[PDB]
């Protein structure tokens, strides 16, 4: 069905994609190892249409269930990876994942000249995999006795355009309706909230949202060793003037588009001050009940 704008695709890939390089013990293989290179996205079943739309925009990849509640798009067929490369050359990633893309690209070169069927090339793929995502397993590191660096250039890039932002937000965004309980008259204060969430590794990008969108603040959380950030907009005039117009003009994808639409409906109610009456408050309540985790 619908194809996806390329910058929206890149922004959603910055959010939900991952590159992959398997180096597998294989006794039937000449060098003792077989490889598989590619790029993949795993989403909840409700958003399978996105994967099919990506599959039809690029015309590559295979779709399969990933457990009971999720579905994946996986591109590993070697020739079709040239499409992945051409897309991300023209429409490049901006998060730390760009670093993983560059490794994917180096690994493609190795395999494009058949060097991975030789000892030298497998050894290079191991050095590449060492810096890719979570790196080498203990067994792989010990099977390749040499000083292999795990570090890589930090990525620091700016948001290229609102299309990238809409793809990224379709992955990490949250259009929330906070029903703030109060012993007040009607009691609950309706508060529209926009939020983007990201691991602290892209702090610089998150901070730039405040500059880029003209609003919001950055909150920091952590759970044990794991830290992340939330960009959060609460002032309704910023939501109604600076946030809703961006996504009206750069359309979201997936079920989160429906969530943003309902969110706008509540924004209208709030604008009309109708959120201060039992009728508007009850309409808001049913709208919130039927969106996000109630969808």
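Positions refer to the first chain, counted from 1.
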Open item on the list: Quick check: 38 to 46 versus 25 to 33, which has the larger average CA B-factor in the record?
Closed with: 25 to 33
TODO: Tell me which of 180 to 188 and 140 to 148 has the higher mean C-alpha B-factor in the deposited entry.
DONE: 180 to 188
TODO: Among the candidates 270, 62, 54, 230, give the one with the maximum CA B-factor reported in the record.
DONE: 270
Task: Assigned third (lowest, middle, highest) for the C-alpha B factor of residue 121 - done: middle
Task: Chain-relative CA temperature factor third for residue 8 - done: lowest
Open item on the list: For the chain shown, is the CA B-factor of residue 203 in the lowest, middle or highest third of its modelled residues?
Closed with: middle
- [ ] Looking at the entry's B-factor column for C-alpha atoms only, identify whether residue 252 ranks in the lowest, middle or highest third of its chain.
- [x] middle
Open item on the list: What third of the chain does residue 114 rank in for C-alpha temperature factor, lowest, middle or highest?
Closed with: middle
